[PDB]
Amino acid sequence: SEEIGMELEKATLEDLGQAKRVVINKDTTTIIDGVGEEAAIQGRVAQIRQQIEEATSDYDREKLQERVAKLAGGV
Amino acid sequence: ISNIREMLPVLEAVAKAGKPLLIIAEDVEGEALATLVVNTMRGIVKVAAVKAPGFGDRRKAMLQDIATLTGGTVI
Amino acid sequence: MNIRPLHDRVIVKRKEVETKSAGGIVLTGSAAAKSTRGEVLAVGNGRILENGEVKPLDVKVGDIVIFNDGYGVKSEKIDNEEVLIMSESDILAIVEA
Amino acid sequence: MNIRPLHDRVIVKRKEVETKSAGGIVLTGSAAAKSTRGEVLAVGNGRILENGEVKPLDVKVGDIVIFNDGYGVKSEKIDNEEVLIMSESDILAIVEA
Amino acid sequence: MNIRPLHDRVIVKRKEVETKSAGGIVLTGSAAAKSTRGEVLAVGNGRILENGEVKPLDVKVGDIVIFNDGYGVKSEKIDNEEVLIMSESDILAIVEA
Amino acid sequence: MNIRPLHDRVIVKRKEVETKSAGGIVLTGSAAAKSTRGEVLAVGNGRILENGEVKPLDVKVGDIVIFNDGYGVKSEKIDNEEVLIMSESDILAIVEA
Amino acid sequence: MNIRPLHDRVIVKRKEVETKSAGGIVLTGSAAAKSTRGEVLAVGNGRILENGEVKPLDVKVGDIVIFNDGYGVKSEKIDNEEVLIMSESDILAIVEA
Amino acid sequence: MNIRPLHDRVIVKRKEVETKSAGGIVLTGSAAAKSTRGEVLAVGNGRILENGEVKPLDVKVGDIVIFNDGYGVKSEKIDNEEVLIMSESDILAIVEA
Amino acid sequence: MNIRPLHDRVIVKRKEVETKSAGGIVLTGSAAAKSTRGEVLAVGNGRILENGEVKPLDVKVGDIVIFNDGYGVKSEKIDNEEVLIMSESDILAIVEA
């Protein structure tokens, strides 16, 4: 993002994500099996787990659970 | 606060005391904000920014109260 | 291929896009601005005007120079390197010692 | 018919419209842009200004030159070949060795 | 009456309005455009500038010349023939052999 | 009173407002246009520029001349006759024989 | 106090605001217009340009002159008299005999 | 501190803001206008242009001069006095005797 | 690094942003305005124009000068000091004694 003062130009292969496979339809992108380690994942997941805890709204709870499922199990 | 230039002198005296800084301005808009962000992000100097309480006349007086509690000068 | 400026023209390469430190310790995030400093690479003979032969230029190949990014300044691509071509008139000073 | 530039004028033919490779291995698809490089074909005597006879130009028939596609640059058709006519003033450098 | 250009001025007559064949066999229908080619008819002494007498022009009465249809180019009517008057500065080249 | 142009200035009187016949037999009705032809009446010394004395003009009192009705052309009233005042620069040619 | 023009400058006083008679017997009522004629009162040394000393002007104190009421023409008040200050360049002719 | 104009520059002090009497006995109330008259205080060497050394100016320290309050005229503050700085070109005449 | 102006260029540092006292005893609060005064730091050889060698400048390293903050005035950063670069043409006077 540019909000951290980055430009696309100073980005080497190491800034790019990786997976084993991806598929995209007319309107559906899907990433199977990322290279990100289950340390980092389970870390980030436990963060969004505490987003639900302090989501004081209802529509705010809906989205958060969605990403947690996108990251934890499946949908 | 639009122009980062206005911060520089202060932001640097704060980089010698090694202590973080809270910026309570009337507002911190596009230009300056984006910068502060970039700066605080790279672990340069820890800084946060927040709008002043209320609006109109009391804002200035309420900001002033804040000065008193903290022993600082309204600018 | 190395370039060859055509009398009165100087070829320079820009320096750093606001070398992140302006002021001192504070790292100025990219605040919409460019660099005015640059290094000389090649220099032409001199100005033709006045008839009288051609007077050589006051810039030697390799000075660190401050210029005005005016209209007469053009941008070019050589071996894939970011270079500029302007006349001496657009060059303002040198950074010596 | 071969052309004949009228002192101070140079006749050049443009090169390749972003020779598809910019950067290295990557084939840059036509990204809305033109070529600034060109080859000399014919050259006039020289500039008349200052009265004093006519001083010859610094470009020999057949150099590879970088120019500024400015306003004074015109486009022409000769035997059905894409050619340009500008003054030396509009020519910026040479690509030697 | 035959005309008489006043030093530095050239009198030329335009050629064909996109001679219908551009490209080769294809007859380009009138696509909103004019002709840049023309023939000399009369020529003045020369440019006065610089004081120093008057230097004659490089165009002989009757050349086939390419010019720039700029602002300094005026249009005139002689015996009922379509003619143009511009200075040498507006003439760019000759079509020889 | 007869006039007296002040060096470099020419005094001319316009001719006919589209002499009703353009083309041949057809009488062109006034189609919103003026006349570019005129006759000389008086001529100043010459241009002062360059210091060097004053070079006389190439127009003799009484030529039939074509001029450009530009900005530098002014309109005047003498004894009640419609006259114009411009410099030689604004005069383009002569209609001889 | 009488004035003193500073080389190249002429001091003139306008004449009559459309002297009510234009055409002949008919008294043209004020039709929104001014006078272009004027009389010389004082004259400076001459033009400095070109270095070379100072060449005196071609207008003698007291001629009746036609000028162009251009931008370089200023308006002034002397002893309470309506006067104008312009350069010779703005003066076009003289009304002699 | 007394000032020091840098060749070609003149330092003048304005006179009175419409000296209340214009016309004669009638005291013109401030009608939105300024003064064009002024007095010289200091004078630079001369104009450098043309190379040739430096020709001195035609204004002596202390004349009463009429100038054109043009663009090249700047306003300044010295010891707390209202002063102006323009070049000779902006000065039009002198008020002698 | 100390700077090096390229002939005809002067390097100056501005003075005080309306030194709070204008008038006398009254402290003028910042009323939206800048300073026109400045000190010289470095000076180039001289102007090249006219061919004829190079004439040196009339400003010695260290004068207190008044300048016109025009367009040709640029702003620069040296060792972290606020500096300006303009030509002599933009400098108007000196504050001596």
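Nothing in this text is a laboratory measurement; each read-out follows from the coordinates by a stated rule. Using ideal geometry, Cβ is built from the backbone for each residue, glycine included, and neighbour counts are taken over all protein chains shown.
Residues in the stretch A:2-40 that are part of a loop (DSSP other than H, G, I, E, B) and at positive phi: A:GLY5 only. Residue-level check: of (1) closer than 19 Å to I:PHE67 by Cα; (2) touching a helix residue (DSSP H, G or I) at 6+ places or on another chain (Cβ under 8 Å), H:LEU57 misses just (1). Of all residues in the stretch B:9-57, exactly one satisfies the criterion of being crowded, with 16+ Cβ neighbours inside 10 Å, free of Cβ contacts under 8 Å to residues at least 24 places away in the same chain and either under 22 Å from B:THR70 (Cα atoms) or of a type in the set (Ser, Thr, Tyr) (or both), namely B:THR40. Going by the conditions given, is A:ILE31 surrounded by 12 or more Cβ atoms within 10 Å (Cβ to Cβ) and touching a residue at least 24 places away in the same chain (Cβ under 8 Å)? No; evaluated as a whole, the condition is false for this residue.
Return yes or no: is I:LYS77 buried (at least 16 other Cβ atoms within 10 Å of the Cβ) and among the basic types (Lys, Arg)? Let's see the steps before the verdict.
Details: buried (at least 16 other Cβ atoms within 10 Å of the Cβ): no; among the basic types (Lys, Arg): yes.
No.
Please verify whether F:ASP58 is farther than 22 Å from E:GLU82 by Cα and over 17 Å from the mean Cα position of the chain (by Cα), treating the condition exactly as stated. It would help to see each step written out before you state the result.
Values: farther than 22 Å from E:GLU82 by Cα: yes; over 17 Å from the mean Cα position of the chain (by Cα): no.
For F:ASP58, the condition - farther than 22 Å from E:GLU82 by Cα and over 17 Å from the mean Cα position of the chain (by Cα) - is not met.
Only one of the numbered conditions (1) of a type outside the set (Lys, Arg); (2) surrounded by 12 or more Cβ atoms within 10 Å (Cβ to Cβ); (3) under 22 Å from C:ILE91 (Cα atoms) is violated by I:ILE64, and that is (3).
Residues in the stretch F:65-82 that are closer than 25 Å to G:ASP69 by Cα, without any contact (Cβ under 8 Å) to a residue 60 or more places away in the chain and among the aliphatic types (A, V, I, L, M): F:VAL73 only. Counting only helices (runs of 4 or more DSSP H) that fall entirely inside chain B and contain at least 3 residues that are within 9 Å of chain C (Cβ to nearest Cβ), the qualifying elements are B:8-17, B:30-41. Residue check: H:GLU50 meets all listed conditions (1) exposed (fewer than 13 other Cβ atoms within 10 Å of the Cβ); (2) charged (D, E, K, R); (3) closer than 24 Å to G:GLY52 by Cβ but one, namely (1). Among the residues of the stretch G:3-54, those that are of a type in the set (D, E, K, R) and either over 19 Å from G:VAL73 (Cα atoms) or touching a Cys at 6+ places or on another chain (Cβ under 8 Å) (or both) comprise G:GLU18, G:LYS20, G:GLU50, G:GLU53.
The C-beta contact set for the stretch G:18-30 (first residue closer than 12 Å to F:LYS77 by Cβ, second residue among the acidic types (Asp, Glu), distance under 8 angstrom, 6+ apart or interchain) comprises G:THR28/G:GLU18.
Among the residues of the stretch I:45-64, are any without any contact (Cβ under 8 Å) to a residue 24 or more places away in the chain, of a type in the set (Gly, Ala, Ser) and over 25 Å from C:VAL65 (Cα atoms)? Checked the stretch I:45-64: at least one residue is without any contact (Cβ under 8 Å) to a residue 24 or more places away in the chain, of a type in the set (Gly, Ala, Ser) and over 25 Å from C:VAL65 (Cα atoms).
Just one of the listed residues (D:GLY29, D:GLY46) is over 24 Å from C:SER87 (Cα atoms) and either over 12 Å from the mean Cα position of the chain (by Cα) or aliphatic (A, V, I, L, M) (or both), and it is D:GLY29.
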